[PDB]
Every structure is written in C-alpha cells, then in structure tokens.
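Single-letter residue listing:
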Amino acid sequence: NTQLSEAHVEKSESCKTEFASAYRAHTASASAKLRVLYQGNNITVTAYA
Amino acid sequence: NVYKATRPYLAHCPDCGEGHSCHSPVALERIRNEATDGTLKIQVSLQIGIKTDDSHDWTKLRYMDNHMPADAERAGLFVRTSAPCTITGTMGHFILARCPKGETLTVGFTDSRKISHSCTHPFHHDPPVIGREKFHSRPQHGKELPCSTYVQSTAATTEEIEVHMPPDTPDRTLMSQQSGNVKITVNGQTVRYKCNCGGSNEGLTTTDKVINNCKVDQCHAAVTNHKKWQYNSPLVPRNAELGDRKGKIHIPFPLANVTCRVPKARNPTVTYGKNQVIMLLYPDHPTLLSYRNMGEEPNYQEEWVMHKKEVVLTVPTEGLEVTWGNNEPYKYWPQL
Amino acid sequence: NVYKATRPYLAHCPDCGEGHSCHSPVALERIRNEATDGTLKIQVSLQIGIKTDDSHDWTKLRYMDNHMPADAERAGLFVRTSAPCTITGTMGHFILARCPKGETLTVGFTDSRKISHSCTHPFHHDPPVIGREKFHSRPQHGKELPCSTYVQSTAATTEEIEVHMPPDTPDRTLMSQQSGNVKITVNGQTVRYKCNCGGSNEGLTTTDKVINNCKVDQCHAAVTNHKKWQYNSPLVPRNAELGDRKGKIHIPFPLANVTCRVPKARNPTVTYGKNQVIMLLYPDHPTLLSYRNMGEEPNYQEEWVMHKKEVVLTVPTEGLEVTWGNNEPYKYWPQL
C-alpha cells in the first residue's frame, strides 16, 4: 500500500483584514497653519510651504 | 438548507482521557486563534444545534455512536484549557470560546447513556493582552483600541470548507469469527464486502452472509450511503473509488476588525528636582514605561514595570517625554 | 434577630457574564482582605439568611427582582477566583470565603426561575507570606510567630456598619403604550417622570398618570423606597425625602492578633574544613538561610533556598552563627 501526501501555500482569509503594507517613499509634499493678529483680529491661514 | 446534503461523522483522538488514544465522537480538527480579542474557533467531529431527524434544536446535540448517529444535551458540552471556558456560540462542528492561559485544549460532552467523552490536544494558548492593562472584566465605557473578533452573522459569505462524499463508512463490528468462518451481520443495512479467501469474495449484500474457511483480518466491510456529504477531514479516510472529487460550503462566524475598550494605568506620584524627575510607579498589571529626549539625541529607553518602583530621570533643556502605559505622553521642561 | 429589619437591594456590575456589564442583584460592593489567615469579607447587593416577609431562614436568600424582592436558595450561592471557594459564613450583605490564588473575584447565585446571575470584579488575591519560608501546607507544630486573622465569633461586638433606605431607582416597566398615549403605572410607589412631549413633562407623582400623544422611548421615570432597612452602599442611590438619617449594626468576624506556626526544616549534610563550613541544603519548600559573624563585624547575608544547593561559608576566630529556616540558629567555632 501507498499514501500520496500533497500540499501548497495560499493567502489566508484574514489577508483582507490583517495585513502589513510594504511601501517605497520617494518625495514629500508639505501643507500647513499660521495665526496672524492683523488689524486687532486673529486670522487663520492654511497654505503649502 | 445546506444541511440537507450535509451530515455528521466520527474521527480519531490522541487523548480521550488519562493519556489514552481512541476513536472519539468529540474529536478535534482545527483550532483557529486569528481573533485579537481572544476568541477561539474550535472545529469538532460532532454537530451542535441539530437533531438526528435533521431539525433545528439549540438544546440538542448530534454525535456518532457506533455506526449510527445519536442525540445528546447542549448543557453537557464543555471546553477547558487549565480552567473551564465560557461558550459564546455553537453551530454544527463549530464552537466559540474564551479561554484562560493553557498548554492543552480539552473539548467534551455527555451522551444519552450518561457516559462522558472528551478529546485533548496540545495547544499553546496565550492571547495578546489588549492595551497596557491586564483587566478581568470588560468596561462599558473606556479607551477605543483596534482589535478583532468572530461575528455572529450566519449569512453564507467569505470563508468556506471543503466537503466530500463519505462513500462507504468502514465498520469492523460488521464482521464476526463464527468458529472457523466469517459472519457478516447486516442489521437492515446495505454492506459492501471483500475477502482474501476463495469462493464469494466481493459484492453488495442486503442479507446476512457467511464466508467459509476465513479469518476476520483477511476481510473488510462497510456500509453504503453515497447520498450524504462529508467535510474533508484528515481523521477520516478518503473515498477509494474517487480521486480529488470534492464540494465546498460557506461557513458562519467570520473574522472581522472591530473596536475594543481598554483601560489606562493610574498616574504615578510625581516630585520635581534640580534638572531631574522622580516617579513612584504602582502597577496593578505589567505596565510598559518608555522615555525620550525632545532634542537632537532622543536616546530611547524601554522597561516593563511590574513591582513598586522609584525612577529618577534627567530632564534636559530641550525637554523629556515620558510614556506610562496606555496614558498620553507626559511632557516635562526644566528651567531654571 | 437583627435580620428582622435588614434586607437586600440592587446595584450595577462591570461583569455580568462574558464581559458584559449590567444591573446585577448579586453586585459586588467592597472586598475586605485585612485578615492575615486568608479570609475574605465580601459585601454583596442581596441579603442572605432572611426571607421577603422579614424572617430568619438560613436555607433562604433575598434578592431584588425587577422592582420587587424575591426569595432564592442558599445552596445556589457560589464564590470563585480561579477555582471554587469554601463559604465559611453568610449573613445579610456579607459572605466569608477562603479563596486560592486569583486575579478576578466572582460571586453568584441561582433564582426561583432557575436563572443564574454572577458578578465579576478584578481583584488581586494572594495571601501574604509569613516568616522566611514560602511553604504551601500549614504545619501542626512549628515556630511561633505573631500574625492576624478574622475570628469566627458571631457575637455583636467591635466593628459596625451603616444602614438606611433605598434611593432613586430606574424602571422601564413603569411606562406603557396605551394606544397613542403613555400610561405611568405607579403601584403604590413615588415615581419621578420626564417626557419629550408637550404639556406635563416633569414631576413627582404618587397617582397613575397619562401623557397624551407620546411614545414610550420619549419618556422615562424612576421610584423610591422606604420601610425595610438597608446598608449604606455607594452602588445604590440615597433616599430622596431623607438627609443623613441612618442606623448602625454590629458585624461578625472581627480582626484579632493571633499566632502563626512554621514547621522546622530538616538538618543539612554538614562537612567541616580549614576555617570553612560546607552545607548540602535539601529544601522541600522555600526555606530562608541567614548567617552572621559573632564578632565586631557581623556582615549579615540572607537568601531564599528553593533547590538543591551547596554553600561554603568562612568561619572566623570569633565564630559563625547560621540560621536554617525555623530551626534554632547554629553556632560554629574554629578548633584550636
């Protein structure tokens, strides 16, 4: 008598929920928030640096 | 009703009690521990919430008892590691349970004849504490942290198991050594037999048969019923007149990311000094203490505080940030 | 029978089962562990040894069941940490129990309708160590050391508590949807109501009230207590038509200083050498080893011996005194 034992590796059902992403960071874009006391009143300025 | 073609069965166990291996109707298959909250998805040999006549009854259990399936009680079912476990869901082969720290998982039940059968498997149980506090009772309102659990949606989606046909169920209890001959006791069932000895050595019998001048070991029988379906179990043999012919069915209780409410370590007794900070740490459970400088050289240091401890930390001109468990980082600044 | 006026009550719980918080009639208040012997003084929401008609019956239990107090069984009551605890006294809100090493305390019971309710609180239980040896089983004869425990004298002396009446209690069973209006059924009780709808939407009613054109979800009310007495618990509200009017009752199991016993360790294999002493220590349980010089500089050294150990100690001209557990300190001197 003989016994055939076959196996293979697949992605688990959890891979859609429990996973870690491997990214390659290139360049970065800066964006901001400055308070200015202009004419006795505080003004909010949000712009790219 | 996917349970029309589905059915129960039996398997083998490595520990039925006192370290002795046997063929248990409560045999363990797969013990899933993907849930971050601590919930265990246990796959068993028997079926829960279904009766022998194929009907839904939550107080009833369906197990295999020597060639024929029999009914049992839901209250008799138990799960344990080192101490008993709280059952939080039962449907078919699946059991949901929250277990304390253990090295071996035990799943058992009680039959109609008042006999208890239990299967023990070596499994290292040790859920990863959620947060920074080791509490026992869960709070109704607290800090929101990301975790995972098995939902109670019965809906046929996501996860699936492989189910195959149970050709003929092997049964050695069908053969008997009648002096120097072999008697095959049918008991109103269709039996497929095969023997090494001469004369009649093959066939599908509906009546009681006798093989002249033969031994029980040189024979083999089994009941037929290629009408029901079975799950691909490694504890049950593969169908002889079949290659890789199999079916598949959607399974309940999938894993899904949710939110858990944890606690926060109590604030320590803080006393200030000349460019230094003194903390009297009183932890109820193992709490992590980490600190860094808010300048050019951060010099990160980490330590697990368990007992009553006094820590003296130097505060530079740039500032010192101290994180005590799950609490928000405490900022300190000297001067002058 | 001080239990004539006394009774039970209801409160909130953090863990009612499976980590879910609810309003439990077996709610935990205060868990006292002042006794050095290991006895725990547990304060609960219900009352034990008293019936609903205010009568003493040791086999009966009095718990709160949806606005009205109901009777239960004493045999159904249970206390557990990691394993079940032995109950050594029950009277009113108080339970005396000896518990093994645990991290969470659980107190439960079984009602008339055969439904079990249990409250779980995170509590670090672990009897302190006395002496210099960490043993498990207590010896019948050993070294006498001063300690403290809770005595079993029921006699009304020393310690006492405070009692009074109940406070504002919530109840949704007080409201009912009468077609398109809301009816508030008082049942001879003072009820405080509030609704979202127009007209009368506040007040303290003693009579049956009806709110025209409103829904049950848009309303809410409570109630008050009186007559029967009650213990001043922080888990139960204070009586509305009452300031600081309260009574007091003497409590059993007072703390007293006793004497603890600690058997003696078996002699070690002693071999002498040139100005040195060799000891082969074989401890059955954690045994404390201490040694000092009998001269100007004593140089005291202490260590807890648990495994098989060989110790080499230098003996000076003045002498060396070695104490091995509860045995009488040993003396050694250099032979001329």
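Residues numbered from 1 in each chain as written, not as in the entry; some residues may be left out. Chains lettered and ligands numbered in written order. Part of a larger assembly, values for the part shown. Heavy atoms only, no water.

- Method of determination for the deposited model, per the PDB record: cryo-EM, at 5 Å resolution.

### Overview of the interface of chain B and chain A
And step 1. Each side of the interface is counted separately: chain B has 7 residues, and chain A has 6 residues.
And step 2. Across the interface of chain B and chain A, roughly 610 Å² is buried in total on both sides, 48% from carbon and sulfur atoms.
And step 3. Remark: the boundary between chain B and chain A carries 0 salt bridges.
And step 4. Here chain B is connected to chain A by 0 residue pairs in polar contact.
And step 5. Tallied by class, residues from the side of chain B that touches chain A come to 1 nonpolar, 2 polar and 4 charged. (Contact = heavy atoms within 4.5 Å. Buried area = accessible area lost by both parts, 1.4 Å probe. Salt bridge = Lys/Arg side-chain N within 4 Å of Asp/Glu carboxyl O. Polar contact = N/O pair within 3.5 Å; in protein donor to acceptor, adjacent residues only side chain to side chain. Nonpolar A, V, L, I, M, F, W, Y, C, P; charged D, E, K, R; others polar.)

### What about the packing of aromatic side chains?
And step 1. Under the criterion given, the structure shown has 5 aromatic pairs over all chains.
And step 2. One cation-aromatic arrangement involves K41(B) over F94(B); the distance from NZ or CZ to the ring centre is 5.1 Å. (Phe/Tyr/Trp six-rings, centres within 6.5 Å; stacked < 30°, edge-to-face > 60°. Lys NZ or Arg CZ within 6 Å of the ring centre and 35° of its normal.)

### Topic: the state of the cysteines
And step 1. Here the structure, examined in full by the defined rule, presents 12 disulfides over all chains.
And step 2. Paired by a disulfide, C13(B) and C119(B) hold their sulfur atoms 2.1 Å apart. Its torsion about the S-S bond being 110 degrees, the disulfide of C13(B) and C119(B) is classed as right-handed. Separated by 106 residues along the polypeptide, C13(B) in strand β1 (residues 13-17) and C119(B) in strand β10 (residues 116-125) bring together distant segments of the chain. Neither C13(B) nor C119(B) differs from the other in exposure class; each is buried.
And step 3. Across the disulfide from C147(B) sits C260(B); the S-S distance is 2.0 Å. A torsion of 70 degrees about the S-S bond marks the disulfide between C147(B) and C260(B) as right-handed. Here the residue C147(B) occupies a position in strand β11 (residues 143-150), and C260(B) occupies one in strand β22 (residues 255-262), the gap between them amounting to 113 residues.
And step 4. When the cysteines engaged in disulfides are numbered in sequence order, chain B pairs them as 1-6, 2-3, 4-5, 7-12, 8-11, 9-10.
And step 5. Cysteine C15(A) shares no disulfide, and the gap to the nearest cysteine sulfur, in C147(B), comes to 19 Å. (Disulfide = S-S within 2.5 Å. Helix = DSSP H or I, 4+ residues; strand = E, 2+ residues; numbered from the N terminus. Buried < 20%, exposed > 50% of the residue type's maximum accessible area, 1.4 Å probe, protein only.)

### Overview of empty space enclosed by the protein
And step 1. In this structure, the largest cavity encloses a volume near 160 Å³.
And step 2. In terms of lining residues, the largest cavity is bounded by 15 residues, among which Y3(B), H93(B), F94(B), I161(B) and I249(B) are the most central.
And step 3. The dominant element in the lining of the largest cavity, judged by the number of residues it contributes, is strand β8 (residues 86-98) of chain B, at 4 residues.
And step 4. For the second largest cavity, the lining is made up of 15 residues, of which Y3(C), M91(C), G92(C), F94(C) and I249(C) are closest to its centre.
And step 5. Looking at the lining of the second largest cavity, the elements with two or more residues in it are β8 (86-98), β12 (160-164), β19 (230-231) and β20 (247-250) of chain C.
And step 6. Among the elements that take part in the lining of the second largest cavity, β8(C) stands out by supplying 4 residues, more than any other.
And step 7. Its residues assigned to classes, the lining of the second largest cavity shows 9 nonpolar, 6 polar and no charged. (1 Å grid on protein atoms, 1.4 Å probe; cavity = no way out; pocket = protein on both sides within 12 Å on 5 of 7 lines; lining within 4 Å. Points joined across faces, edges and corners; volume = space filled by probe spheres on them.)

### Description of the relation of the copies chain C and chain B
And step 1. Least-squares fitting of chain C to chain B yields an RMSD of 2.4 Å, with the superposition described by an axial translation of 0.1 Å and a rotation of 122 degrees. A rotation of that kind, with that shift, is consistent with a three-fold axis. When C-alpha positions in chain C are compared against the rotation axis, the closest is assigned to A83(C), at 4.6 Å. (Least-squares fit on C-alpha atoms.)

### Here's the deal with the pattern of salt bridges
Residue and element names in this part refer to chain B.
And step 1. A complete count under the given rule lists 29 salt bridges over all chains for this structure.
And step 2. In this structure, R266 engages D284 in a salt bridge whose closest nitrogen and oxygen atoms are separated by 3.6 Å. Highlighted residues: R266 in the loop between β22 and β23 (269-273) and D284 in the loop between β24 (276-281) and β25 (287-293), separated in sequence by 18 residues. The pair formed by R266 and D284 is uniform in burial state, with each residue classed as exposed.
And step 3. Taken together, the salt bridges that share partners define one network made up of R32, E34, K41 and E159.

### A few points about the sheet that holds strand β18 (residues 209-211) of chain B
All names here are of chain B.
And step 1. Spatial ordering of the open sheet is given by β14-β15-β18, a layout of 3 strands whose pairing is antiparallel. One side of each edge strand has no neighbouring strand; the edge strands of this open sheet are β14 (175-178) and β18. Averaged over neighbouring strand pairs, the angle between their axes works out to 30 degrees when direction is ignored.
And step 2. Alignment of β14 against strand β15 (residues 181-184), held across 4 bridges, turns out to be antiparallel. Of the residues in β15, the one forming a bridge with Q178 is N181. (Pairing = 2+ DSSP bridges. Axes fitted to C-alpha atoms, helices over the stretch in contact; angles between N-to-C directions.)

### Examining the interface of chain C and chain B
And step 1. The interface of chain C with chain B comprises 12 residues on the first partner and 9 residues on the second.
And step 2. Among the residues of chain C in contact with chain B, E18(C), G19(C) and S21(C) are the three that bury the most area, contributing 48% of the side total.
And step 3. For the pair chain C and chain B, the number of links is 0 salt bridges.
And step 4. Joining chain C to chain B, the criterion identifies 5 residue pairs in polar contact.
And step 5. Mapped onto the side of chain C that touches chain B, the elements with two or more residues apiece are β1 (13-17), β2 (20-22), β9 (102-110) and β10 (116-125) of chain C.
And step 6. By residue class, the composition of the side of chain C that touches chain B is 2 nonpolar, 6 polar and 4 charged.

### Description of the pairing of β10(B)
Two faces, one strand: in a regular strand the side chains alternate between the faces of the sheet.
Residues and elements named next belong to chain B.
And step 1. Pairing of strand β9 (residues 102-110) with β10 involves 8 bridges; the strand directions are antiparallel. Bridged to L105 within β10 is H121.
And step 2. Hairpin connection between β9 and β10: a loop of 5 residues separates the two successive antiparallel strands, and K114 in this loop has a positive phi of roughly 60 degrees.

### Considering a nonpolar patch on the surface
And step 1. There is a patch of nonpolar side chains on the surface, built from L34(A), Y38(A), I43(A) and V45(A) and spanning about 380 Å² of accessible area.
And step 2. At the level of elements, β1 (34-38) and β2 (41-45) of chain A are the ones that each hand at least two residues to the nonpolar patch. (Patch = residues over 30% accessible without salt bridge, like charges linked within 9 Å, V, L, I, M, F, W, Y side chains within 5 Å. Areas by Shrake-Rupley, 256 points an atom, 1.4 Å probe, with all protein chains shown as cover.)

### Observations concerning the layout of surface pockets
And step 1. Of the pockets and cavities examined, the second largest pocket occupies roughly 1,800 Å³.
And step 2. Lining the second largest pocket are 39 residues; nearest its centre among them are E6(A), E162(B), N232(B), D244(B) and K246(B).
And step 3. Those elements giving two or more residues to the lining of the second largest pocket turn out to be β3 (28-32), β4 (39-50) and β12 (160-164) of chain B.
And step 4. Considering each element in turn, the lining of the second largest pocket owes the most residues, 4 residues, to β12(B).
And step 5. Class assignment for the residues of the lining of the second largest pocket results in 11 nonpolar, 12 polar and 16 charged.

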